[PDB]
């Protein structure tokens, strides 16, 4: 029967009763790192985050090796509560900026990251620690910088590229920066690779670096938690509905549904 299956929708997503966050030009990852279009998303919370097909990044060219996993982690958690922290950044210059990441017409950078360069032509071996003495877990986002040329590498860090090691008592992550010119993006042949690390209470964050480090300014709180993300170009209207799809919201009364596999909230079984 067809009275058991739902096939239609208004085409709109209803803004109630689930907290929906429309990304517009921004991906979740960009709102996390702090891309300048995405400054309004700071410390926002949500039950469902909606990515758009038109989304574009407009900052430093970067890649995230474990993109999906990170995008999914932060998704479930459903918060961007960030906390600034006082790292001991001695011996280095802070707040590097780029003409590729524009903010108020001035060269800037990802709001949540800290680009360290040499100070007086020295870049000491960093041995900096940040303990989690809190009750909850801390989520730290950091990166490694891959300059286009050796000339840039010496300009920025005053020595050749060496290993970056981010470890805790439970794990260790080690990256080797790779000097090499990758195709220009926003006139930038350099790249940044994004990595992440979770620190449990009583555990400690340990950073080891001789350059190429793109440092965190602090941590996000990690829930997880049942929130989510859906890729959809569907418009948003004012209404109430418990079940949302990428083709729009639908009512939750039939046992089945053939509009789309992906749903959030109290929904029918997909059938087809």
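Numbering follows the first chain given and starts at 1.
For the pair 239-247 and 34-42, the mean Cα B-factor is higher in 239-247. Taking the mean C-alpha B-factor of each stretch as recorded, 156-164 and 79-87 are not equal, and the higher mean is that of 79-87. Comparing the C-alpha B-factors of 197, 117, 135, 98 in the entry, the top value falls on 135.
Out of 182, 145, 112, 151, it is 182 whose C-alpha atom has the highest B-factor in the PDB entry. Annotation for residue 65: CA B-factor lies in the middle third of the chain's modelled residues. The deposited CA B-factor of residue 225 belongs to the highest third of values across its chain. Per the PDB record, residue ranking by Cα B-factor puts residue 190 in the lowest third of the chain. Residue 173: CA B factor lies in the middle third for its chain, per the PDB record.
Annotation for residue 50: CA B-factor lies in the middle third of the chain's modelled residues.
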